[PDB]
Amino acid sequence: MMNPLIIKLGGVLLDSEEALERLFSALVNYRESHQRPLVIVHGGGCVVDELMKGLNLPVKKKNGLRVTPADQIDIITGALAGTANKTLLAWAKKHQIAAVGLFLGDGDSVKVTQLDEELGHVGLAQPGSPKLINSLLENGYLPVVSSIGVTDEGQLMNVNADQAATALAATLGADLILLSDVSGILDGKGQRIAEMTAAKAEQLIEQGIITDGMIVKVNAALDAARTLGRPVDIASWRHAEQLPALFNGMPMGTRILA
């Protein structure tokens, strides 16, 4: 069929029932008016941070990535691959969407290896096999993929959701939209930046405008854009009225050009 569209979800989205309702309303409307099959990839520092907080566990993120010790991978996996993933599956069911929950290791959709011993159980995601997901898409299911992966040696890995989404986009040859709490990438004044290139990203990074998580998000988007040969959008999930146009192609945030 057509190239699928991957919609990546994350941020505080999971903390808002209203936001989730409006989002799924837009997803149903899109699905029932488009032939391009959808695939959802999600993160959830939201469900994770709140949990780590309650557990008095520190949240150290080295260069945008969460240091994930061996004694914390199981609980993080529970929050991400379990709670976040199933919460989204429940919303899909509530809206009569036939969804199937998956993590990066299912059907070896996305290959993961240990990125850096200093990060612990943090995985480096690279393209895998599209066979399983393609079969699910052809059968009419909506794959909802978490960012937890597993190495060939059987070690669970926590993968940044933006990087996981980009790896899956390459695997499926899918278009990609990264939805976040903010309207794309902001400049030094907090204003939305309409278009992004590698040269500009480098500039902004050199100037300290793009920091933390956003450095990881932009680099992931740029990688996807150059791999696919198609633009990649970073936009917000916060405003109901913008969702339909967004899912249809209207630039609502930052469009990465490669």
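Basically, rigid core = biggest C-alpha set you can superpose within 1.5 Å across the two forms. Each residue number is its position in the shown sequence, starting from 1.
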query: Farther-lying stretch by C-alpha RMS in 4 other deposited structures of this protein, rigid core as reference, of 29-37 and 45-53; finding: 45-53
query: Per the entry, higher mean C-alpha B factor between 58-66 and 187-195; finding: 58-66
query: Mean Cα B-factor comparison, 15-23 or 245-253, giving the higher one as deposited; finding: 245-253
query: Of the residues 28, 40, 215, 221, the one carrying the largest Cα B-factor as recorded; finding: 215
query: Among 175, 162, 181, 108 - the residue whose C-alpha B-factor is largest in the record; finding: 181
